[PDB]
């Protein structure tokens, strides 16, 4: 009677799910959110195929570190393992959001990385890499996503979408927003001419400044 993920975590997931829709970052489909509770070693993750505005507290699924569901009746998101494997291999990330946004996904389908034409990319790294292609909801995808997100808080999923993660849902949410905005900027610039990419040294500095 205190051993499983708490009410407010489930509540947080439902709130940020809505907010993805309310800010039209995404319509809702194929997107998913999770949190990891490091003391408990439990992931709570959004259910499969349920509209973000129809998700109840009882729809959130709780899972142990090896994918054994321990709470909830609903199937977990088809991408539960893309989330879980990040929590298994990395300790700097406690909240992840998957989304099919617009311009990030555009870069994803070109299989092009996002460079630092805009400095705000630093919330995730000097650039965002694009994972190698794999079918949604499969182990290859999750593995491809863990590898290409190494050293970053975001990665593009080829022909698919975006994955981002941070210390909490607020911060995970802002990283999607900010990475979608930078991808938007970068695509539009590239219609006009040659976007100017800030050098690595400046991006290094940027990382340091963002720490504070």
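Numbering follows the first chain given and starts at 1.
- Comparing 11-19 with 184-192, the higher mean C-alpha B-factor in the PDB entry belongs to 11-19.
- Averaged over Cα atoms, the B-factor as recorded in the entry is higher for 26-34 than for the other of 155-163 and 26-34.
- Ranked within its chain, residue 172 lands in the middle third, by CA B factor from the PDB record.
- When the modelled residues of the chain are ordered by C-alpha B-factor, residue 46 sits in the middle third.
- Per the PDB record, residue ranking by Cα B-factor puts residue 179 in the middle third of the chain.
- Sort the modelled residues of the chain by CA B factor and residue 90 lands in the highest third.
- Remark: residue 68 belongs to the middle third of its chain, ranked by C-alpha B-factor as recorded.
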